[PDB]
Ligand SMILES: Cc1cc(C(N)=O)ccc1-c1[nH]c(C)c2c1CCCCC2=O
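In the block that follows, a single chain appears as structure tokens, in the form deposited without the ligand.
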């Protein structure tokens, strides 16, 4: 078949739809003696994810999803639940998770975990 090209092309169509979605521009780029509590353990942005896709750095479909989910986990961590940015973040997160169902991206993650668990047992 095509190996990993099909899920790469869906991942690229999926990161472009997040950038275009309402308030997605807030997560496009990284915000440039910092306060200890403001230090981000794993920074992430849509531009970083696009660069990994262009460079071919993802080895599995789940790796793209974990980087996208990292943006939304950071958003809810560094912003109050009742703030404009935290509400925007929960909306794009719901959009992303529903797009994984509509685009059929979750079938690649299911096919990924079926092969990985099989190789270890057999």
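Residues that one form lacks are left out of the comparison. Residue numbers count along the first chain shown, from 1. Definition used throughout: the rigid core is the maximal C-alpha set that superposes within 1.5 Å between two forms.
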As the entry stands, the deposited residues without coordinates between residue 32 and residue 33 add up to 4 to 9
Assert higher mean C-alpha B factor (109 to 117 or 96 to 104, deposited values) equals 109 to 117
For the higher mean C-alpha B factor in the entry, choose 22 to 30 or 63 to 71.
22 to 30
Which one of 53, 44, 39, 86 shows the top CA temperature factor in the record?
39
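From this point on, the text means the form solved in complex with the ligand, which you will not see here.
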Report yes if all three of 9, 62 and 66 come within 4.5 Å of the ligand in the deposited bound form by some heavy atom, otherwise no.
no
In the deposited bound form, the residue from 87, 26, 53, 70 that sits within 4.5 Å of the ligand by heavy atoms:
26
Report the residue, out of 47, 79, 97, 91, that has at least one non-hydrogen atom within 4.5 angstroms of the ligand in the deposited bound form.
79
Can you work out whether residue 31 and the ligand are in contact in the deposited bound form, taking contact to mean some heavy atom pair no more than 4.5 Å apart?
yes
Let me spell it out: fit the two forms on their rigid core, measure each listed C-alpha, and pick the one of 59, 39, 77, 84 that moves 2 Å or more between this form and the one not shown. Which is it?
39
What moves between this form and the one not shown once the core is lined up, counting runs of 3 or more consecutive residues with C-alpha shifts of 2 angstroms or more?
33 to 39, 117 to 122
